[PDB]
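Trainee: sequence first, structure after; it's an experimental one.
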Amino acid sequence: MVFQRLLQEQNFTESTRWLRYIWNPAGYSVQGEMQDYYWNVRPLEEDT
Amino acid sequence: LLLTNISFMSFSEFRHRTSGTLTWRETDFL
């Protein structure tokens, strides 16, 4: 919802951040190291 | 290798550089 609202108000550099909070195709940097996933939500990783 | 060279590489690069000799606490401190 926050990302959709920031897209409608065209704050692009924050909308892409709020999309990075759920999906990043470039992986995630956790404690300096990369991760093995791309979806930040575990019921989106495993289809619950 | 000096502190000028350490601040260029990323933390994963540095942790792969000194993985065996140090134990990540002194690596983080450096």
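Mentor: All right, it came through fine. Residues are numbered from 1 along each chain as shown, chains lettered A, B, ... in the order given.
Trainee: can you count the residues close to residue A:42?
Mentor: 9 (other CB atoms under 10 Å in any protein chain shown). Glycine gets a C-beta too; all of them are placed from N, C-alpha and C.
Trainee: OK, contacts around it?
Mentor: For residue A:42, the contact set (CB atoms under 8 Å, 6 or more residues apart in numbering or on different chains) is empty.
Trainee: who's in contact with the closest residue to chain A within chain B?
Mentor: Residue nearest to chain A within chain B (CB to the nearest CB): residue B:11, separated by 3.5 Å. By CB under 8 Å, 6+ apart, the residues touching residue B:11 are A:32, A:33, B:28.
Trainee: go again using 7 Å as the cut-off
Mentor: Residues near residue B:11 by CB atoms under 7 Å, 6 or more residues apart in numbering or on different chains: residue A:32.
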